[PDB]
Every structure is written in C-alpha cells, then in structure tokens.
Amino acid sequence: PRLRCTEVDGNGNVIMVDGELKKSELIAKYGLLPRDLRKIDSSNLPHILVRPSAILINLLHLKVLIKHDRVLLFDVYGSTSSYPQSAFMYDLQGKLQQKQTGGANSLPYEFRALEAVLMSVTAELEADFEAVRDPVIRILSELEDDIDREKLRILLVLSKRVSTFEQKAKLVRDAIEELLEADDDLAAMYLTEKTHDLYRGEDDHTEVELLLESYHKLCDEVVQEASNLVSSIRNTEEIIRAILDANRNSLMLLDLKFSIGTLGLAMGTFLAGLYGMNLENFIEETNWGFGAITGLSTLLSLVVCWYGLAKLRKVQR
Amino acid sequence: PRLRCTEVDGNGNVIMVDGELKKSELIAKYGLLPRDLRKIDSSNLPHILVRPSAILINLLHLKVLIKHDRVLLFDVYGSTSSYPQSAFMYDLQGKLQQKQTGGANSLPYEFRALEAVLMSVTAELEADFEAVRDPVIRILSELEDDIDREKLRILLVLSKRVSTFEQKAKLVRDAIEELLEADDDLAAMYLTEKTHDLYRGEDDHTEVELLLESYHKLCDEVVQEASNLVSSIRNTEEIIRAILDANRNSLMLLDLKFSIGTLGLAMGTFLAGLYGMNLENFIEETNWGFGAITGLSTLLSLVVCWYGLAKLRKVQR
Amino acid sequence: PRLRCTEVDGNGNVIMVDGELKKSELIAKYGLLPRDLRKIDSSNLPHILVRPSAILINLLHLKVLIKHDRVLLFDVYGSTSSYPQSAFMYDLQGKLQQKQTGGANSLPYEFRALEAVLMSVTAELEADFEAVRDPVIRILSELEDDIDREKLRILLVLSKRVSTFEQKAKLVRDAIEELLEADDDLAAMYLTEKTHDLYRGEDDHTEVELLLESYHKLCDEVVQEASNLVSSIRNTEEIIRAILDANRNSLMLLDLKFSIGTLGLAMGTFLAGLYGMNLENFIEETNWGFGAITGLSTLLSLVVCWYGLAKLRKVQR
Amino acid sequence: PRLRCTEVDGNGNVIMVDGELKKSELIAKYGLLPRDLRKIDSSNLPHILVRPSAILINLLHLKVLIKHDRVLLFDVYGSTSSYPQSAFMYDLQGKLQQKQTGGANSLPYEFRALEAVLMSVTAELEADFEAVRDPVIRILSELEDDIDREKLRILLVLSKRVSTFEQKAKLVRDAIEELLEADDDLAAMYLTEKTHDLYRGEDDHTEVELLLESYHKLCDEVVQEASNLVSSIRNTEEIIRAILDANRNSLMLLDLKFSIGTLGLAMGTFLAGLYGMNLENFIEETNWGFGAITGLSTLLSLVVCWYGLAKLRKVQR
Amino acid sequence: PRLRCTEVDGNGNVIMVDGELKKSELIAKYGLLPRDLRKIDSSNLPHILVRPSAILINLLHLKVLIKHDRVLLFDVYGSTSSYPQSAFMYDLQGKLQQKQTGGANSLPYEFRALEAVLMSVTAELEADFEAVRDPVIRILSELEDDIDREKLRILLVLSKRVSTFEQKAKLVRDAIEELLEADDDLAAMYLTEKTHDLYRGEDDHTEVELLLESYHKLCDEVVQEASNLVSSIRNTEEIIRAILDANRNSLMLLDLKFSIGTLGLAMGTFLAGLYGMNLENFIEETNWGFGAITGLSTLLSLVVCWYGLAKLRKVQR
Ligand SMILES: [Mg+2]
Ligand SMILES: [Mg+2]
Ligand SMILES: [Mg+2]
Ligand SMILES: [Mg+2]
Ligand SMILES: [Mg+2]
Ligand SMILES: [Mg+2]
Ligand SMILES: [Mg+2]
Ligand SMILES: [Mg+2]
Ligand SMILES: [Mg+2]
Ligand SMILES: [Mg+2]
Ligand SMILES: [Mg+2]
Ligand SMILES: [Mg+2]
Ligand SMILES: [Mg+2]
Ligand SMILES: [Mg+2]
Ligand SMILES: [Mg+2]
Ligand SMILES: [Mg+2]
Ligand SMILES: [Mg+2]
Ligand SMILES: [Mg+2]
Ligand SMILES: [Mg+2]
Ligand SMILES: [Mg+2]
Ligand SMILES: [Mg+2]
Ligand SMILES: [Mg+2]
Ligand SMILES: [Mg+2]
Ligand SMILES: [Mg+2]
C-alpha cells in the first residue's frame, strides 16, 4: 500500500527524494483509475498509458508519472535509487530548470520530460548491448579452430542471454510503435493546452510524432544488431555440429589399419604356433625347416595385410 | 438437452446453485440463436459473443451468460462446481451486492460482472504459469552438468506441457484482441442504456476499451514469459545435442592407444613364438640367445608402439 | 463436356438423381461466366464465388450451385454419389421441405442451403480429424520407452498425413475468412430480395455474417488441434533423436573395459610365452621358476589392467 | 539499343515476325518512361505496369506491351522465338481475329490479350509443376526402405529445384495480387474507353477484377501443391536421419559379443600357454594333467564369456 | 562538432570538395532539428527523412542533404572521399549541369538528385551481390562430391556474409517502402513548388511514386536472389549432414568382418596351443596326430568364421 516516490514540481526543483506515498492519492489527485494500480506495483511489460490529465510510463528501470506541472518517479517501498535512476533524475532536473524561451522549437514540460526519459532508456539499451556483445565474438573466434568442452557451455550461457536481450529490445520497440499508431492517444498528450480550454484534435500531432520516431529508429537499430548476432551464433553452431562428424571419420578410418595389422599378425602367429606342438612334423632334424616356416609365415602375414589394405582402399573409394 | 446452471438476479443474490436448465429457454427468453447452443455444449475455443440483449463468454473454466439484470453460469448437466468456479461465484456475488453509488468511475451490472470474469481468468492463468514454470529451471540446472537417460524424458514431458500452455495463453489473448478490434461490438455491449431507448454509437466506447486493454496486457505478459521459457529450453537442447558428440570423441581417441598397445604386444609375441617351434635354430645351446631374442622382441614392440603413437599424434593434429 | 448432376427445385423435391448436364446450359441459364467452367471441372482449392444470380461452392466433396429457387450438385460424368454426398442431399431435402413460417429468425432458401452445406463440411472435417488423431497417441506412447525400426516408419507415415490434414483445414478456414472479409460479396448474396427489385447495400449483412462466423470458429478449433498435435510430434522426434546418442555412449564406454582386459591378457601371455622358447633360461631345473614366473605374469596383468581402469576413470570424469 | 520485336495490329494480323526495334521509339510513340527501359532489357522479376496509354507485362517467358490497337512481344536482339512463345502468339492471333460481337460478356482488345497472356503463363506453370513433381515421389518411395549414397544426392538435386519452382510460383502469385490490390491501377487499364474521352473511376472495375481473380486462384493452387511437396520432403529427410542412427546401434551392439568371445578365448589361451613353458610343472609324467588342464581352461573361458554376456544384458536392459 | 562536407550549388558547380562544417549551421540555415544531428554523426540504419525545406538521406555509403537550390554530402571529419562517393559526385554534377528544358517528363532539382542517389545505391548493391555470389557456387560444387575439413570452414565464412548482405538489402528495401507508404511525406517532398507558395496535397504525388517504385523493385529482385542463395546453402548443408552418417556405416560394417576373422584365428590358435603343453597327449609318437590336429583346427576356424558371417548377414538384412 506504499511506494517509494521522488517528486519534482513545475520549476524543476526536487522537493522529495525517497518519500513514501500511498497509492490512494494517485487515484485521488492524479487522474488514475483503480485498476491501473496493479500495473504500477509489479509489471515487467514496458508500456505508455495516456490519461486525460496524466501520462504513465513503465520502461525497464523507469516508472514515471508525468503531468503538466509535476513529475513523479516511483518504485517499491523498500529499495534505494540506483545509479541510472540518479543520472536520469539529474538530467531531468537540469533540462527542466533551463527556463529557456525559444522560438519555433520550444517544447512544453511534459515533452521535455518524455524526451529525457526516452534518451535515458535508449542509452541504457545501448550500454547493455555493448556489454553483452563483447564475449560472443571472442568465443566464436576461439571455437573457429578447435571445439572444447567448456567453450560449448560458455556459448550456451551467452546464447540465451543474447536472445533475452533481443526480446527485451523488441518489446521496447513494439511498446513505442503501439503509441505511434494511435491518433487519439497522440492528440490527448497535449496536457499543457488542455489546461487553457484548448483541444488539438486527431490531425495535428506533428511534434510528438517527430519526437517519438527518432527513438523508435534508435531501438530498431539495436534490434537489428541483436538479430544479426543471433544469426551468426546459429550459423557457427550449425557448422561446428557437422565439423565434429567430419573429424570423427578420420579416427574411424585410422582404426581399421591397426585392425588389419592385428589380423595379419594373428594369421602369422597361428602358423608359427602350429609347429610348436609336441607331435611329429617329420622335418625337425632338417637344416631348412626353420627358415622355410619363418618365410612362409612372414609371406602369409604380408599378403593378408596387403589384401586387407586393398579391400579398405576399394571400400573407402 | 439439459445443463447445470447457477443463477444470480439483479441484486447479487443467488437463487439457484446447481439447478437444471433446458437449452430451449435460452432461445426463449435470453436472446440467443439456435445455432449457438452447440457452442455452449462442448467447445474448448475461448470466445466472447455480443448479442442485442445478452453477452456470452467462454473462457477456459467459465461459461457465462451476462444480461443487464441476470447472470448465468452453466456447464454439463452431470458435474459439480469446482473450487475456482466457487471462488469466482463468491467474488462476483460480493462485487454485485456492493450497491455502491460512486461518481465518474461508476460501472453498470454487466461491466462489473465482466471485470470479475476477466480477473478470475487472469488469476488462473498466472497460477497455472507459476505451477508449470518451477520444474523447468530445476531440470535445466540438472542437465547443465551431466546428461542422463531419465532427465531427457522429464524434459520431453515438460516441453510439450509448456508449449500447450503457451498456445492456450496465446488463444486467450487473441480472443480478447478480437473483441478489442470491433467498434460495433464494443458499442453494442452497453446493455443497460439500450433498456432506456438510449443507443451509444460506434465512436463512444471508452469505458469498455479501457477495461479490456488492461487484461489484454496482462495476458500478453504471460505469453511473453512462456515464449522466453520455450526459447531457453530450445537453446539448452541444441547445446546438449552437440555436447554429446563433443564428449564421445574423447573415448573414441582413447580406444586407439589401447589398440596400438595390443598391436605392439602381438608383434612382440609373434617373434617370441617363432623361436618356440620344434625345429633347428642353431643357437639353442648358446649362452646368449635368450637375452638377445628377448631384447629384440622388446625393442620391436617399443618401436612399433612409438611409430603408432607418432602416427596417431600426426593424424589428430 | 458433360457432368453428373442432381437437381432440387424450390419446393425441396428431387427431380433428378444422377442426370447428365452439358456445361453450356450453366452459362445459358445460371448466370455463370465461360471462364468459371474450368473451376467446376477439376479443382482441389476450396472456394465460394458470388454471382449476380447464383452462388458457387467448392468445398472438399461438395460442388454446389445455389439459386433462389433451385439447387444443383455436380461432379464428374462417370461416377456415383458417395455416402457423405447422399447424407448431405437427404439433410438438404429435409431442411428445404420444412415449409416453416417463423418470426424474426426465418431464413430464405439460399441461406438454408448454405447452412446445411457448411454443417456437412464441418462434420466431415471433424470425422476426419477424429479418424486421424487416434494412431498418433498410441505410436507416441510406444516410442516413449523404446525406439524400434518399424515404429519410426509408422511415425513417418503418420506425420505427413497429419500435416496434409492440417493444411487442408487451414485452406478451408482461409476460404471461409476470405468471404467473411468482403462487404460487397456479403451484400450480393441476398438473392431472394434481388428478385423483388430490393437491394440491401454494403452495410446491412448481419444474418449471413452471423451464419458464417460460427463455422469459421468451428474450423479454427480443428486447425488449432492439428497444430498442437504437430507440435507434440515434433517435440517427441527431437527428444528421441538425442535419446539415441545418449544411450549409445553406454555401449561405447562398456567396450573399453573389454579392450583393457584383452590388453592385460596379451601382456601376460607375452611373458608366459617368452619362457616357452627352445633356449637356455638357466632356471629350467630349479624348483621355484614355474611359480615365480606365473606370479610375475599375473601381477603384471593385474597392474596393467588397474592402470588402464584408472586412466579410463580419469578420462571419463 | 535494339530488341527483337513481334508486332500485331488492331485486326489481329501479324505484320512483323522477328523485326528489330530501337528502344527510343518506345518512349517516342508508346507512352513509356526513360527509366522503364532497363526493366525491359534484363529483369527476372515478374511485374505488370499500368501506363496512361499502355500496359507492360513481364511474366516468365513473356515480355509484352499492350495498347488499345497494337500488341508488341519483345526480347533480346540476338535470339529466336521459342515454342511456348510461338504457341502464345498463335493463340493471341486466333483470339484477336475472332471479330465476335457478343452481348453482356463482350471484352475489348486489351482484356482479350491479357486473358491469353495469363492463360499461357498458367499453362506453363502447370506444365513445369507436372514435369518437376514426378521424380520426387519415386525417390521418396525408393528411400522409404533403404538409404543408399546416390539416392541422397538425387534428393539434394531435386529439393533445391522444387524450392526454386515454389519461389517462382509465389513470386508470380504476389505479382498478380499486387495489381489486384490497387483501385486506381484497375481503373486506369480501361484503355479503350479513354480514347473516347470516357473515364471509369476507382469504383467500377468489376470486369478486370473478375478476370484476374481466377488466375490468382490458379497460381495459388500450384503454390499450395509445391508447399505440400516441400513439407513431405522435409518430413522424409528428418525421419531417415533418425533411421540411420537407429540402425547403427544394432551393429554397435553386435560387435560386443565378438569382443567378449575374443576376451574369453584369450583368457583360455593364457592358461593353455602357461603350461607350455620349459620349466618344472611336477605333473608332466602323470596320466591326468592334460585332461584336467584342458577342462580347467575350457571352464574358465566359458565362465568369463557367460559373465560378459550377463553384464552386457544387464547394461543394455 | 565538425563534419567533412562537399557542397554543390543550384547550377551544378562544385564550390567545396572536402570542407569542414559545424553542425550548428545545419540547424541554423538548413531546416533541421537539434535531435536529428545524432543521426548524421553515426548511424548504420538506412533512412529518408522529409523536412519542410530539406530532405535527409542516409543510404549505405551516402549521407546527403537535398534542398531546392543546394546539395550537401557529409561524413566524418577525419576521412577522404572514396571511389563510389567520387563517382556519385561526378554523376550528380553531370546530371545537374545538364540545364535541359524538356516537356512533360521534366524533373526538378531535388528529384534529379534523388534519382542519381538511388541509382548509385542500386548499382553498389548489385556490385556487392555479384562479388559475394561467385565463391558460393564453387564451394557448393566442390562439396557436392567429397566433404573435407577446410571446405566446411569456407562455407561457414561465406554463409554469415551472405546472410548479412541479405539483411542489408532487406533493410534498404524496407527503408524505401516506408517512404512509399506515406501520402503526406510524398506530398511534402515537392520543395520547388513550396518556394512559390504552391502546395500539392496528399492526393497528387504521381511523379515521386513512379520514381521510387522502380528502385523498390530493383532492391526486391536482389533480395529474392539472396534468399534463393541462402535456401540453396541450407539444403546443401542439410544433405551433407546425412551423407556423413550414410558413409560412416560402410566402415562400421567393414570392421565386423575383420573382427570375425580375428575371432576365428584366435579359436584356431587356442586348439593349436593346447597340444603344445609339456604334458602327456598319448599321440606324440603316432604318425597321424599332426595332420589330424591341423585339420581339426582349420575346420573349427572355418566353421566359426562361417557362422559369424552368416549371423552378420542375418543381422544386417
Ligand atoms: Mg533465452
Ligand atoms: Mg500522423
Ligand atoms: Mg510521419
Ligand atoms: Mg542477419
Ligand atoms: Mg600365443
Ligand atoms: Mg506440445
Ligand atoms: Mg476506439
Ligand atoms: Mg485506445
Ligand atoms: Mg526470448
Ligand atoms: Mg584383439
Ligand atoms: Mg506432408
Ligand atoms: Mg460487417
Ligand atoms: Mg461481427
Ligand atoms: Mg502447441
Ligand atoms: Mg533452392
Ligand atoms: Mg473492388
Ligand atoms: Mg471481389
Ligand atoms: Mg502440408
Ligand atoms: Mg614347446
Ligand atoms: Mg620340448
Ligand atoms: Mg550472419
Ligand atoms: Mg498514391
Ligand atoms: Mg501506384
Ligand atoms: Mg528459394
């Protein structure tokens, strides 16, 4: 029933750092509906909701409520502001307290807040992609030559992480594109003009459209890069899978030569041991039996080995 | 020709728990068509049908007919109300008998019933996902290190279940989105106003659209989670498939050393048994033949083993 | 140039069972075009064509021409009516000869014929799915435990059949959806009103739309069931493919123990046969050489076997 | 700068067979643009372009320019008319020189030319599919039982050809559908009426739409057939891939029995050769040592073989 | 804060080759927005942006700003103009300084610049495809017969390159199609007319649409060619993967014959060595024991080899 909240007024000055806010006041004086509170509490789906007097943004690490005179950043009650959140808060305060008075390119409060939010989200996405891209190239280069046991596990660890990052980037891009495809939602975001009884209409929304298209393309570029990386990983895996079976056949063929050699040696040993029996061979007292038998055994071994090698060469041809 | 029916009147009071209803009365006094009855009897396709005076909802475990003054929950004649059905009935009764009189955020009878129906469906989907997600992480962690025989069967059992749950969630999300994409269907659901000769029109349907979008996003989140889980399972399977062939080559290479050792031993044994024949060797009575022959056999075995090992190292290089 | 035709007049009475019809009369007095005849002769693509005074339906086993006062069922000249065709004809005759006069839910001749056609097509699709689904579960259950040679062939026979049935169901669903997406085609199917100089218009087509949506959903359900079955088959195949390689490694590892045993036996036999040569061993007349040599050979065999087993355990670790 | 051209005037009479035409006259007196000439020279992408006074068709083997009073068929300067081109020219001449005067179903010059072009393209596509379909069934039937070396190469040759034909058919179907999806392009093809200061408008294009839909469906049917064939090929490949590993395990298991037999024989031979040493065995002069030792060796061989077989049966269980 | 810039005035004369330009002047006097500068600095996503008074093009190697009287080509500050950039600049200068005065087919300054830009991009894409296509056919032809170790690595190197080129071509085609799908963007590109207080409107954009469609189709053709090449590579890989396992079984079966031969030789050697023991055989002094024992051993070896071969033939059947 409580949330940690940081509040900024219309002058860009922080009046609350890590205060506690009851979700009842959100319905009371912020134009929200009772059914939207459960989206604020716990939701990992990036989205942008346009209300008659407020804008709700849930993008990765940012949960923001933007009005024409106030900005709220909320999160779980028990927590502390992270470094990206502090950097975003500093940038938003600096951009809001500019108090500039330009000409044609002047932007209101809510658009200046949305621009900072989108820039922070895009910067975080780019940083995450740069942090995740580095090990993949190294492990692919290491797997180019040899295939070990632990490198496959490293590739397994990296592939799912890359796929999850690509899915998150696609979700953010689709969340932006969904808002980019509604004319009434684009027209209803002019909160400053609605406070002066001025309504824009569903056909004059150039500024917000131009603001959103740039970040849409920025997210699309990272999505394409992640898709290319995934395709490269898939190709490398599909090639090494066949490389394994290609290099196994070398050992499979090498074993047969040793098998043929053992067969020839056994064939020679059979005839060598035939004459070792305690029987009558009729040539025991001769002076030529030993050399003749040795030569016959050697010739038989050689011819059987040659026949085996010839048959192997014919088969493998 | 009979169905089990639970009835709630316009005051939120239950007047029938598990009564029997003939399908003829549905056509008689509920604004249904004769061809829709077969959808009520047996259908596993989630859908929402908008009639001039009634709304038909078939979502998983809920078969509901909603009017401006009555609510019916129907199912097969021979059955009993389940725990989710009883919880949904209790929640619907509690929300209907509130008798609240709000301001701008007041909702009619049919919208209050539809909100409870959608909340029950989303809660059941979330519970099913939480129940199905747990074993997958454990079996993936167990398969990270070693690959057994039964763990693959467990993964087979879990994968099809996860895919079926993802398909069911996608079907529910698409059923909601189909209703979200029709302006006339959205405009025709204002049943309370049509009883006072007041018609809304195809351009003023803000309340029902805002009601439906939240549950659409709630279903989309679970769909994305299931898709991520399926992708992780696929990556793990594709990696272990190559891990098997990677670890087989170690034994394939280890066998060749034993083969070379056996070949060397056979080569030595051939010469050892050559001198065991009952023939004339001319060095039987000498005092140096035994050691010389033993040394020659040992040297031949050693050199053939060394040549085999060198050839194996050259091949595997 | 001839077709087998069955004709039903406006009163639901059959006047021709298996007559012969020349395709020229179709252009002469049925409002067809010369280029459509080739679709009637031989075409396996389900479609529905709307003409200014006729409707042409080609759905699986039905080739029907529907007018406001006549119904034709045509097929190849040399053939006989099948059992599904006879059942469809009986149902159509029974529904047409009802001569009922209802109130708000009264339907004209062409709509009553189209409803029967769609019901017959959906019933045949459901029967085909029920006939094709049964063997798949049994063969998957049989393949859950053991993988034989003929069961894989049975799975091969069943998979292509299931895929073809799913493709046919998707084609029928898309053929229905194509007609459901044209306002002018929906408006031009009111053939009865066009005979009284009454034209409906592209914005009042509630009856035919409601009639078609039910059968569209009926086909979609069978499509989803077939898709689920295909996914289950794919998962089972992808799991058994890895099960094979998982169970091969057991025999691959078991062979090495026998190899080590043979190596140890050969090592022992070498020393056993070294002392069998007809040379001077200097310990032939002693009373301790035999036992000493036997013990040395046994110890050498045991230690080499132990070293081989230890190396195998270290490698497989 | 030159093309081979065949010209037909408005009366259906050929005045040029294989003449030479400079591409400058196409811009001069045919309503083409300078940037379109490069599409006429060399392009393998089927397309239909609608000009204010001409129609350009590039479909497979046909490069045609159609006007309200003239038809041109062009190709590379150095070439000769093929048999399909000659058949198309004969059919077009025969259809143009009919000089028929019908009633409601009368078609102008350009529509009569387009109908012949589309019929020729569809006939050629059907002939190509019929020529490519035949060997696939035979090779699949041959691979159903046994898997050889050359049959896999034949399947490799056929699969890419089938995929390329399917891609070409899909490209033709998409080229037709692109023209079918533009109202202004459909309205601008009434070249005959534009010569009498009569303009049709983007809402009256029934004739050309009905003409194009038939050939669109004709191409879609062949696309579906090719897709079914590709799916069957994929299923057959995925099944034989597992059949190979299924039948390898039989030989893998059969080798172990021979290994156990060799181990038992070696175990027996070790004890047989232990008593062959030239040492003192103390039972040389007895009349029972020979049979006892033979029986002991045989029993040891039998028991070790039995233990090996039992262990193998336990492992394979 | 600086970029390398080449400038061309309205007469087609170059006044700056490799000058330095500060990005502030782009906002000052070129109609750009402060948020677009980061797209000019570093972006690999091809896009076309339409401004009220300028057009920004980022296509591969071209970063161009087009106005009604000036053309800028910009890139990183530290760099030099490449050969494609110089060729594009020469072609653009030649086309701009034509000073032609045509009739109906006259084009303004910005359209003449855009045509040259698109022609250069298409020519570079075609050249890249022609350079990348050649090695693939050769390596596929080499892999058709035999499968080596390095050829698989070459295929791995080529496959990812082909996929990346296909992705780049698809990105360029989609970038063109995105501009082709906006009526307001097409209408706002008439910069010359807007300088004379003449506005076109969202319904008269024939010239630019016809200009863009040709290059859209040109890119689509290369996309289709790349897709066909990728499909061929995938089919070849999937076939050689099974070819490997098909040819392994030949050696697997050949090893068993040698195993059976060794088993038979061992069986014969066992009986040959049984009679070599120093025991009483009772047939030592006979004149028939030697031949009888030799024949018995040979017959036993032959019968066991025959039984093994018969069992192998029965198993492999
Ligand atoms: Mg993952
Ligand atoms: Mg807009
Ligand atoms: Mg825009
Ligand atoms: Mg890629
Ligand atoms: Mg021996
Ligand atoms: Mg499943
Ligand atoms: Mg709306
Ligand atoms: Mg909305
Ligand atoms: Mg994912
Ligand atoms: Mg051996
Ligand atoms: Mg199939
Ligand atoms: Mg409608
Ligand atoms: Mg509807
Ligand atoms: Mg499924
Ligand atoms: Mg191919
Ligand atoms: Mg139309
Ligand atoms: Mg139509
Ligand atoms: Mg299929
Ligand atoms: Mg001896
Ligand atoms: Mg002796
Ligand atoms: Mg790649
Ligand atoms: Mg247009
Ligand atoms: Mg156009
Ligand atoms: Mg292809």
Side-chain angles (χ1 to χ4, degrees), chain A residues 255 258-270 272-273 276 301, chain B residues 254-276 294 296-309, chain C residues 255-277 293-309 311-312, chain D residues 258-277 297 300-301 304-305 308, chain E residues 258-259 261-270 272-274 276:
Chain A
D255 184 72
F258 297 148
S259 299
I260 295 172
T262 54
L263 176 66
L265 285 181
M267 178 59 181
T269 312
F270 173 73
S301 301
Chain B
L254 183 60
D255 184 72
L256 288 175
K257 302 178 181 178
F258 297 148
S259 299
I260 295 172
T262 54
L263 176 66
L265 285 181
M267 178 59 181
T269 312
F270 173 73
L271 201 149
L274 272 182
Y275 270 82
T294 303
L296 185 62
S297 303
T298 304
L299 265 54
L300 286 191
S301 301
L302 289 182
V303 299
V304 300
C305 289
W306 179 88
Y307 177 78
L309 290 179
Chain C
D255 184 72
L256 288 175
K257 302 178 181 178
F258 297 148
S259 299
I260 295 172
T262 54
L263 176 66
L265 285 181
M267 178 59 181
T269 312
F270 173 73
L271 201 149
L274 272 182
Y275 270 82
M277 306 184 299
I293 294 304
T294 303
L296 185 62
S297 303
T298 304
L299 265 54
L300 286 191
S301 301
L302 289 182
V303 299
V304 300
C305 289
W306 179 88
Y307 177 78
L309 290 179
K311 189 171 185 178
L312 172 58
Chain D
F258 297 148
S259 299
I260 295 172
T262 54
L263 176 66
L265 285 181
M267 178 59 181
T269 312
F270 173 73
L271 201 149
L274 272 182
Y275 270 82
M277 306 184 299
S297 303
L300 286 191
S301 301
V304 300
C305 289
Chain E
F258 297 148
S259 299
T262 54
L263 176 66
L265 285 181
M267 178 59 181
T269 312
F270 173 73
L274 272 182

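Each chain gets a letter, A, B and so on, in the order the sequences are listed, and its residues count up from 1.
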Starting at [atom1] of [X], measure out to [atom2] of [Y] and round the result to the nearest 0.5 Å.
{"X": "E/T269", "Y": "A/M267", "atom1": "OG1", "atom2": "CE", "value": "9.5 Å"}
{"X": "C/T298", "Y": "C/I293", "atom1": "OG1", "atom2": "CD1", "value": "11.0 Å"}
{"X": "B/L300", "Y": "B/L296", "atom1": "CG", "atom2": "CG", "value": "4.5 Å"}
{"X": "B/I260", "Y": "A/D255", "atom1": "CD1", "atom2": "CG", "value": "9.5 Å"}
{"X": "B/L299", "Y": "B/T294", "atom1": "CG", "atom2": "OG1", "value": "11.5 Å"}
{"X": "C/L271", "Y": "D/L274", "atom1": "CG", "atom2": "CG", "value": "10.0 Å"}

| task | Search all heavy atoms of D/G264 against all heavy atoms of D/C305 and return the closest pair with its distance. | result |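 Answer, listing the atom of D/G264 first, then D/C305: CA-SG, 3.8 Å.
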
| Taking every non-hydrogen atom, the tightest pair across A/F270 and E/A272 |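 What the structure gives for the nearest pair is CE1-CB, 4.2 Å.
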
| Minimum side-chain heavy-atom gap C/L263-C/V304 below 4.5 Å |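 No. Closest side-chain heavy atoms not under 4.5 Å.
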
| request: Could you list the residues that satisfy side chain to side chain contact (heavy atoms under 4.5 Å, CB included) with B/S301, not counting sequence neighbours? | output: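 In terms of side chain to side chain contact (heavy atoms under 4.5 Å, CB included), with neighbours along the sequence ignored, B/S301 is linked to no residue.
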
